[PDB]
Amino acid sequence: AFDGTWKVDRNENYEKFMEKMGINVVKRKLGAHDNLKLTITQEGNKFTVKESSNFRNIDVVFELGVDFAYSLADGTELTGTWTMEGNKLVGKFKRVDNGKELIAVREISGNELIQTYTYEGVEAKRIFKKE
């Protein structure tokens, strides 16, 4: 299901998303090779997602359907929720600075975890492999 440790394997259109977000060229190259690892654990409707990357190591804790504050690695602050829609995790955020929507979807495909973002008409994915 979502339980376990996932390590990023490949990206699709990620540098275009970062560019749209306002991230500079150098930082985009760093971001695309961030060695991101996610450790996901659940306790009821609450999730703990431990993010470990070249940039930071932080624990992200949220209750499904309850709004919370989250910052992207780059420093952009967001607010919104995660909900379970069928078997996918759907995140509906807003940037605190500009009020624009950022949608994140996390869904299992075979044995991979595909995270899809959407922001201002651009879509990017980061696909993880289990273990």
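Sequential numbering from 1, following the sequence displayed.
Between the stretches 79-87 and 62-70, it is 79-87 that shows the larger average CA temperature factor. Between 19-27 and 112-120, it is 19-27 that carries the larger average Cα temperature factor according to the deposited entry.
Between the residues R56, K37, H33, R106, it is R56 that shows the highest Cα B-factor in the PDB record. Sort the chain's modelled residues by C-alpha temperature factor and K7 lands in the lowest third, per the entry.
When the modelled residues of the chain are ordered by their C-alpha B factor, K130 lands in the highest third.
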